[PDB]
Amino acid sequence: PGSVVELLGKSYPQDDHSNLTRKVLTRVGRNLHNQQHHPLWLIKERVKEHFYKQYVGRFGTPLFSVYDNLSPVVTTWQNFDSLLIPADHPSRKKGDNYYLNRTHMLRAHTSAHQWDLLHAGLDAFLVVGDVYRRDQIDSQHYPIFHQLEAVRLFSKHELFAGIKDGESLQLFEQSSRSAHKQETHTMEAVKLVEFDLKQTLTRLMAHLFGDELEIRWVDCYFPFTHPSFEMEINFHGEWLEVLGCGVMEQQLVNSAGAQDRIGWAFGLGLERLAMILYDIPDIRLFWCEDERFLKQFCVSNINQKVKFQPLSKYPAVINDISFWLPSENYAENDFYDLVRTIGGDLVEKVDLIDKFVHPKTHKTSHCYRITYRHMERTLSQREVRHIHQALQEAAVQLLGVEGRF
């Protein structure tokens, strides 16, 4: 909280949008995805190896150029408008993002780099990086994580090369948008782009997991693609989403200067994939420096199948914290940052279990249940009490809540 933020050597003026915390600052520049022998680095390398070999083996295949060191500070234009995300879209809320100010932010997804890289005239590339979101707290959510983006453009003659009379076929037309295609795409083009997209991803998952994995495609919606899909993997009895993808919105591609191309794009969550691939039970593990964890990933070669031996699970301490929200001033994600900041990685989860309005006061009451559990050891009742009482006091000062208990 101030009037000027300093980040990665650059300075940004503060405004009504600014909400970066010091704690997030301690993580910007860490780049686990570039840290040799880190699990996220390992996935990245294996994905790179797949695309390299594909390029070397098949004539048809593009060279995917890799960008894994792009600054995470981007403009709201890069993060949102270049991707056709409407001005009133929920993903833009202050409570969901880390804004430096109205115009600059920590990127919420690697898709923030699609337009610029297209605009540079690239036909095929990967973007790998840390991304940032303000979200709830549990074993599957962290304010920082890592995505890998892929983008692949086709020209008409390239897409239809393997068809006999292929030069009478076209990429574009002027029809209507349906659940199956955009208004300026032909169904001929879309069918082939979709097939290529899904075949590519299916081969990549095979490369990563072997042929035993059960996967399914789910139809979905993104502003920057259409048609759009999520890929789910069945894991521990449950269908889990691992990536989004689809056919790039032609307006996005045209505006970047590739008016003669149709393309696909996908974004994959590295932590998710890594937790499934190595059976890592808690996302906080990526951030610990415990060798019992890290030593396991020091492989001779990136293809050496690592057999992650899960650490013991330590007991938790559970504490409730109740208070009265301020008179017309409060976001649930605000309290969660205060938790991240005081409780750090001692906190496994926070659940809002009760809320109600007191008639006389008119004030709203929140009750949160906080699960304290250390990834590396047993927490004492003593140390938790102190962490807990510190968060209690803080919430009073900084969030203008009323100690209810």
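So that there is no doubt, residue numbering starts at 1 and follows the sequence shown.
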Assert higher mean C-alpha B factor (239 to 247 or 314 to 322, deposited values) equals 314 to 322
Mean C-alpha temperature factor, higher of 58 to 66 and 44 to 52 | 58 to 66
Say you rank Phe195, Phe293, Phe229, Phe154 by Cα B-factor from the PDB entry; which sits at the top?
-> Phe293
Criterion, highest CA B-factor; candidates, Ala179, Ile163, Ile262, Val73 | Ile163
Comparing against every modelled residue in the chain, figure out the third that the C-alpha B-factor of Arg284 lands in (lowest, middle or highest).
-> middle
Taking the values exactly as deposited, rank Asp219 by C-alpha B-factor within its chain and report the matching third: lowest, middle or highest.
-> lowest
Cα B factor band for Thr371 (lowest, middle or highest third within the chain) = middle
Entry-reported C-alpha B-factor of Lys93 relative to its chain, by third, is middle
Third assignment of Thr341 from its chain's C-alpha B-factors = middle
